[PDB]
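The block underneath contains the structure these notes are about, expressed in structure tokens.
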Amino acid sequence: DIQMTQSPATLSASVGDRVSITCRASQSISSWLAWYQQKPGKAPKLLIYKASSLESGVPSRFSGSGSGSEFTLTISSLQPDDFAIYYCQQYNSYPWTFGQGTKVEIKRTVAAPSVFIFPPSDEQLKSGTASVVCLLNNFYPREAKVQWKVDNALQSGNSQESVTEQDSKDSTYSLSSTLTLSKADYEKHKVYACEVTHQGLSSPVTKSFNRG
Amino acid sequence: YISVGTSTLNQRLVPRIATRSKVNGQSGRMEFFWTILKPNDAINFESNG
Amino acid sequence: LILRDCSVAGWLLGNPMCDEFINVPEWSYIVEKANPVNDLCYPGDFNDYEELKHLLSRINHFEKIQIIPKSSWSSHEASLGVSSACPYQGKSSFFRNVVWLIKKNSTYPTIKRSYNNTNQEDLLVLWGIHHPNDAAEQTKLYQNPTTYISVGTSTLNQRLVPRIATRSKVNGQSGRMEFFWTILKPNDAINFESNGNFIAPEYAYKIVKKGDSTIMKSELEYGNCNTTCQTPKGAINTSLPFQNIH
Amino acid sequence: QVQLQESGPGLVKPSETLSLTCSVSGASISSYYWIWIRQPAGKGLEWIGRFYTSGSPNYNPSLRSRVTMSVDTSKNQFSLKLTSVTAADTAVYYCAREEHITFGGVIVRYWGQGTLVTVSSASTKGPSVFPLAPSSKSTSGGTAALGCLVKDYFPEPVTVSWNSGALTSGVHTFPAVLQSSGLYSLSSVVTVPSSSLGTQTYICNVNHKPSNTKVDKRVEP
Ligand SMILES: *[C@@H]1O[C@H](CO)[C@@H](O[C@H]2O[C@H](CO)[C@@H](O[C@@H]3O[C@H](CO)[C@@H](O)[C@H](O)[C@@H]3O)[C@H](O)[C@H]2NC(C)=O)[C@H](O)[C@H]1NC(C)=O
Ligand SMILES: *[C@@H]1O[C@H](CO)[C@@H](O[C@H]2O[C@H](CO)[C@@H](O[C@@H]3O[C@H](CO)[C@@H](O)[C@H](O)[C@@H]3O)[C@H](O)[C@H]2NC(C)=O)[C@H](O)[C@H]1NC(C)=O
Numbered sequence: 001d002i003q004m005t006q007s008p009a010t011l012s013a014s015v016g017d018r019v020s021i022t023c024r025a026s027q028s029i030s031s032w033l034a035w036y037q038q039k040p041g042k043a044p045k046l047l048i049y050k051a052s053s054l055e056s057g058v059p060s061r062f063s064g065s066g067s068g069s070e071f072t073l074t075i076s077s078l079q080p081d082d083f084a085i086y087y088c089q090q091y092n093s094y095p096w097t098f099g100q101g102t103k104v105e106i107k108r109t110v111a112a113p114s115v116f117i118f119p120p121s122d123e124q125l126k127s128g129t130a131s132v133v134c135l136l137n138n139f140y141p142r143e144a145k146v147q148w149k150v151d152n153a154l155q156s157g158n159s160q161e162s163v164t165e166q167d168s169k170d171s172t173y174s175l176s177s178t179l180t181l182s183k184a185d186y187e188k189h190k191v192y193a194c195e196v197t198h199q200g201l202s203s204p205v206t207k208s209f210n211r212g
Numbered sequence: 001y002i003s004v005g006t007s008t009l010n011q012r013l014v015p016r017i018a019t020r021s022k023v024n025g026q027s028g029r030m031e032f033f034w035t036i037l038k039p040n041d042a043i044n045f046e047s048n049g
Numbered sequence: 001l002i003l004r005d006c007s008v009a010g011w012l013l014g015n016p017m018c019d020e021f022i023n024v025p026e027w028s029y030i031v032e033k034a035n036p037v038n039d040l041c042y043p044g045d046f047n048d049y050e051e052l053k054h055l056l057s058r059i060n061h062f063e064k065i066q067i068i069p070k071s072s073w074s075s076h077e078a079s080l081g082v083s084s085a086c087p088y089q090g091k092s093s094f095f096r097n098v099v100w101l102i103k104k105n106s107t108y109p110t111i112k113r114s115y116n117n118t119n120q121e122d123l124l125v126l127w128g129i130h131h132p133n134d135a136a137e138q139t140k141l142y143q144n145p146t147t148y149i150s151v152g153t154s155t156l157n158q159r160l161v162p163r164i165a166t167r168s169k170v171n172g173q174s175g176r177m178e179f180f181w182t183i184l185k186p187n188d189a190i191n192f193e194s195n196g197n198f199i200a201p202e203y204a205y206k207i208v209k210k211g212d213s214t215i216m217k218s219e220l221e222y223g224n225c226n227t228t229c230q231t232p233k234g235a236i237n238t239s240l241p242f243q244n245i246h
Numbered sequence: 001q002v003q004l005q006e007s008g009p010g011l012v013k014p015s016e017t018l019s020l021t022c023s024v025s026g027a028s029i030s031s032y033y034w035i036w037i038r039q040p041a042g043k044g045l046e047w048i049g050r051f052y053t054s055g056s057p058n059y060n061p062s063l064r065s066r067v068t069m070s071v072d073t074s075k076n077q078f079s080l081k082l083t084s085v086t087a088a089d090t091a092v093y094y095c096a097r098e099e100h101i102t103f104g105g106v107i108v109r110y111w112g113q114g115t116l117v118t119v120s121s122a123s124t125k126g127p128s129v130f131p132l133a134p135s136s137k138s139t140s141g142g143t144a145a146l147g148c149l150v151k152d153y154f155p156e157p158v159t160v161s162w163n164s165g166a167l168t169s170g171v172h173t174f175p176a177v178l179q180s181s182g183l184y185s186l187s188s189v190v191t192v193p194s195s196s197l198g199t200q201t202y203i204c205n206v207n208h209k210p211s212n213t214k215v216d217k218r219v220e221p
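Protein chains in written order, with this note's numbering: chain A, 1 to 212; chain B, 1 to 49; chain C, 1 to 246; chain D, 1 to 221.
See the structure below:
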């Protein structure tokens with residue numbers, strides 16, 4: 001019945017900045033709002049109730065304000081573990097409702113990735129498939145490009161990448177580029193290489209293995 | 001050979017084949033061993049014969 | 001000698017913690033505490049531990065030979081087997097005096113190394129056996145299974161076999177390591193021949209002084225004056241003929 | 001010390017019903033209100049309903065017709081039943097405790113862990129775990145990476161833990177990738193000191209709950 005509109009649903013600030021998230025309401029809720037912090041793949045953790053009452057065990061830096069129709073969650077010195085989706089809630093009237101959530105991310109010093117290649121497992125090879133993996137570890141600018149050279153033959157197809165969410169300590173990222181091939185399994189080819197291109201690298205870093 | 005494998009005591013024992021005095025119609029002997037196996041402690045027996 | 005929170009075993013086996021006791025002073029009346037914090041990090045027990053303690057009653061100073069083979073020796077094994085336990089100021093390490101021997105190129109050839117001090121003082125050689133949890137673990141460290149360890153001296157010859165069995169998790173490791181010791185006389189020799197599971201030493205102790213000492217355990221800490229009498233409870237001053245203190 | 005934990009099939013044929021059970025330890029389910037809440041994919045939270053053994057319940061009007069919530073005082077079980085599941089009802093589900101009144105009103109401090117219910121006619125398929133050995137030859141300063149690839153699994157929920165919880169620092173367990181086959185594939189990686197490769201072993205515990213598979217695999221150079 002009562003909607004909860006939040007803003008901005010996307011933030012990014014370096015450590016130490018003040019952050020503030022607004023939450024507006026279709027109707028007046030007086031002071032019956034509550035704020036939650038949902039970390040990656042975790043249940044929400046209740047930050048603030050009565051729209052201003054910090055729950056025990058929540059750091060001094062979180063602070064909630066507002067009455068009636070507009071409310072504000074504020075972080076005094078944004079810390080790295082604060083990376084999360086932040087939600088807002090009416091316990092004024094049923095049905096209970098939540099905001100769309102706002103994702104607070106963290107600006108960081110640029111970090112160059114560390115690249116690793118993993119050859120396909122012999123057990124899998126016996127099953128009849130094969131997979132090579134580039135691991136890009138701990139880099140800040142999430143944007144990076146990884147190319148798959150098979151005897152210096154780029155092949156966009158048969159490749160899937162997946163990205164970690166920001167680490168709580170580092171606020172860095174990791175990529176897994178999985179080349180999945182089984183034409184002659186990975187026969188007909190001597191070498192395999194990742195061409196990893198990122199800002200923290202002056203010139204692209206390739207890594208390579210010629211096992212099979 | 002007879003191997004007793006526990007967490008604290010491991011003793012391998014070999015039978016002494018030898019005729020002795022006849023007792024209860026039998027000159028063969030049998031040694032009896034014992035150990036205190038704690039809760040969650042294991043004992044592995046491996047015997048040639 | 002002050003031992004703070006280190007066991008005698010730790011002080012002699014060079015536990016990464018309390019390595020502040022490597023430059024042993026020339027004087028030592030044992031001040032050990034009951035249940036020290038830093039003892040045999042990697043789970044294990046010391047063979048004839050109290051006998052060593054009794055000899056220490058006579059001994060008063062030691063000299064690390066720093067000559068027992070060495071870590072450079074890498075002919076058949078890898079001299080890089082530090083453990084996730086025995087933490088040096090929070091950094092995974094291992095007893096400095098003994099060495100974590102490990103297979104080299106998927107091959108652990110039996111090593112018949114041997115040493116005779118030929119020095120003028122006796123020796124306190126120390127070594128150990130690793131009792132793994134899995135045969136797989138044993139193969140990972142030493143691809144040879146059912147291994148043997150032969151200690152060949154002039155007086156004592158003991159062949160030891162590791163008991164492969166999973167036990168309780170201590171410091172993250174259920175494998176155990178037995179620590180053995182022997183007194184090598186000047187001109188006496190010790191031959192080590194091990195199939196696998198061998199923790200060979202790199203240091204030993206020359207008996208510099210065998211005066212009169214004790215291992216009094218005292219939870220008390222040092223406090224600086226100096227008498228002709230000492231007890232785990234304290235130090236006496238007046239000179240009467242009898243005492244009901246300790 | 002109240003603990004909430006959910007149990008769910010993972011898969012529910014569309015046009016059928018969804019049954020979920022939140023078991024509670026550390027509190028009598030007789031003496032508290034209990035909450036069911038929904039989260040599809042990464043989208044927002046949706047409050048499903050409220051129930052109390054000795055108090056009339058209130059369910060979200062969008063789902064009211066389909067929702068029934070019961071309680072089992074014998075085994076302390078909080079139940080959720082969604083009739084005629086659609087594709088939209090694919091979501092993570094959470095159970096929570098409605099605290100007693102305070103001068104701050106009704107508050108929910110205690111949440112479950114969440115169970116992912118996917119809605120498909122597809123069939124439960126267990127993973128295949130294959131190791132990602134370390135190239136010890138690589139100089140790579142003093143660091144070296146290990147992996148446990150997990151491929152061909154159809155119920156998305158897949159958990160990966162290293163050395164039975166002992167390894168936690170440096171672990172990057174990547175998100176699922178839906179392959180052309182219609183099956184998912186995870187990669188879990190651990191950065192490690194190159195030194196500890198020789199003396200310490202490395203294992204992966206991978207527990208696909210819907211298929212009841214728990215393949216633990218070693219990663220040896
Ligand atoms: C049967 O004999 C085992 C042989 O040593 C003996 O060791 C056991 O030690 C504990 C005691 O159960 C087990 O620890 C386990 O920890 C996991 C956590 O991941 C629990 O899920 C599990 O219930 C158990 O508590 C050891 O795993 C086990 N050692 C083994 C089997 O290698 C035990 O007395 C007994 N085994 C068990 C499983 O009880
Ligand atoms: C290194 O370990 C030896 C292993 O037993 C140990 O035995 C030695 O015993 C004496 C002590 O030196 C040596 O006797 C020798 O006598 C010749 C006379 O022909 C001298 O020229 C020589 O200097 C030495 O005194 C033994 O030969 C020797 N045993 C051996 C090597 O078989 C010793 O502690 C030590 N070896 C040496 C040579 O000092």
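We put the CB at the ideal spot given by N, CA and C, even for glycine.
Spatial neighbours of residue i within its chain, please: CB distance less than 6 Å, with the 5 preceding and 5 following residues excluded, ordered by chain position.
i	result
residue 144 of chain C	108, 195, 196
residue 93 of chain C	16, 82, 86
residue 159 of chain D	207
residue 231 of chain C	245, 246
residue 63 of chain C	206, 208
residue 150 of chain C	159, 193
Only counting the same chain, and skipping five residues up and downstream in sequence, which positions put a Cβ closer than 7 Å to that of residue i?
i	result
residue 53 of chain C	8, 215
residue 135 of chain C	145, 164
Check whether the Cβ of residue i lies closer than 8 Å to any heavy atom of ligand 1, and answer yes or no.
i	result
residue 34 of chain C	no
residue 166 of chain C	yes
residue 166 of chain D	no
residue 43 of chain C	no
residue 132 of chain C	no
residue 39 of chain B	yes
Verify the contact flag: residue i, CB atom, against every heavy atom of ligand 2, threshold strictly below 8 Å.
i	result
residue 118 of chain C	yes
residue 136 of chain C	no
Report the neighbours of residue i on chain D: residues whose CB is nearer than 8 Å to its CB, in chain order.
i	result
residue 82 of chain C	195, 196, 199
To the nearest angstrom, report how far apart residue i and residue j are at their CA atoms.
i	j	result
residue 122 of chain C	residue 105 of chain C	37 Å
residue 64 of chain A	residue 169 of chain A	25 Å
residue 152 of chain D	residue 127 of chain A	12 Å
residue 84 of chain C	residue 183 of chain D	38 Å
residue 181 of chain A	residue 193 of chain A	14 Å
residue 160 of chain A	residue 38 of chain C	49 Å
residue 92 of chain A	residue 36 of chain C	59 Å
residue 136 of chain D	residue 21 of chain A	48 Å
residue 32 of chain D	residue 98 of chain D	7 Å
residue 14 of chain C	residue 198 of chain C	18 Å
What residues from chain A crowd round residue i, counting only those whose CB sits closer than 9 Å?
i	result
residue 177 of chain D	160, 161, 162, 176, 178
residue 189 of chain D	116, 118, 133, 135, 137, 174, 176
Under 7 Å between beta-carbons, which chain C residues line up against residue i? List them in chain order, please.
i	result
residue 7 of chain B	165, 167
Taking 8 Å as the cut-off, is the beta-carbon of residue i closer than that to any non-hydrogen atom of ligand 4?
i	result
residue 42 of chain B	As for ligand 4, it is missing from this structure, which binds only ligand 1 and ligand 2.
What residues from chain D crowd round residue i, counting only those whose CB sits closer than 9 Å?
i	result
residue 137 of chain C	201
residue 72 of chain C	Within 9 Å Cβ-Cβ: nothing; residue 72 of chain C doesn't reach chain D, min ~17 Å.
Can you name the residues of chain D whose CB is closer than 7 Å to the CB of residue i?
i	result
residue 104 of chain C	In chain order: nothing, as chain D lies at least about 10 Å away.
Inset, instruction - Determine which residues of the region 156 to 171 of chain C have a Cβ less than 7 Å from any Cβ of chain B, and write them out in chain order. - result: 163, 165, 167
Inset, instruction - Check distances from the C-beta atoms of the region 60 to 75 of chain D to those of chain A and list, in chain order, the residues that come in under 7 Å. - result: 60, 61
Inset, instruction - Return the residues of the region 174 to 201 of chain C that lie within a Cβ-Cβ distance of less than 9 Å from chain D, sorted by chain order. - result: none
Legend entry - Contact list for the region 121 to 139 of chain D against chain C, Cβ threshold 9 Å: none
Legend entry - Contact residues within the region 152 to 185 of chain D, judged by C-beta distance below 9 Å to chain C: 163, 166
Legend entry - Residues from the region 91 to 116 of chain C in contact with chain D, defined by Cβ distance under 7 Å: 92, 100, 102
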